[PDB]
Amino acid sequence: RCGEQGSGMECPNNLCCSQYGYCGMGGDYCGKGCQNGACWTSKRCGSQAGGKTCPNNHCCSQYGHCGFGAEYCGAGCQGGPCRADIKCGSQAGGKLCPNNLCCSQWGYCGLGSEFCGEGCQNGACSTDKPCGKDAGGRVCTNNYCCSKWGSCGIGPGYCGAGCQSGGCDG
């Protein structure tokens, strides 16, 4: 299942999540009731939608609609994989990258070893620095949960029993 019926799961290759939480293509999926993917009626995002982000890594246009191509990812792009470089980190007042993108040592948002590897400042860093009581009490970035084992992440093993800090369950 996808969307609401499956913890916000998204379909592969821009397939549409129907109102019943099934992946497909055509009116019964992409038409009325479409939850995510290549929905015929584009989702709202950005300033026009209270800062809401686009699903499926779609770009948020200057008009607050989700999609792909120059009109969405080009000039005035508000979110998603915008064509413009996106600044983050201590170079930009500690600004986080949206959608868990990694902030590189240089203060740019992205994914891949150049971003998530050595010097990664926030997001889905691969550096896996220890947190919690055995790490001076370092809290994770992005409000990620610090597990009882002193590692940062999201999931029952991080946010559940023994969660030391972050988005711990409650």
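Note that residue numbering follows the sequence shown and begins at 1.
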Please work out which of 131 to 139 and 57 to 65 has the higher mean CA B-factor as recorded in the PDB entry. 131 to 139
May I ask you to compare 104 to 112 and 47 to 55 by their mean CA B factor in the entry and name the higher one? 47 to 55
Can you tell me which third, lowest, middle or highest, the CA B-factor of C73 falls into for its chain? lowest
Third of the chain's Cα B-factor distribution that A161 belongs to, per the entry: highest
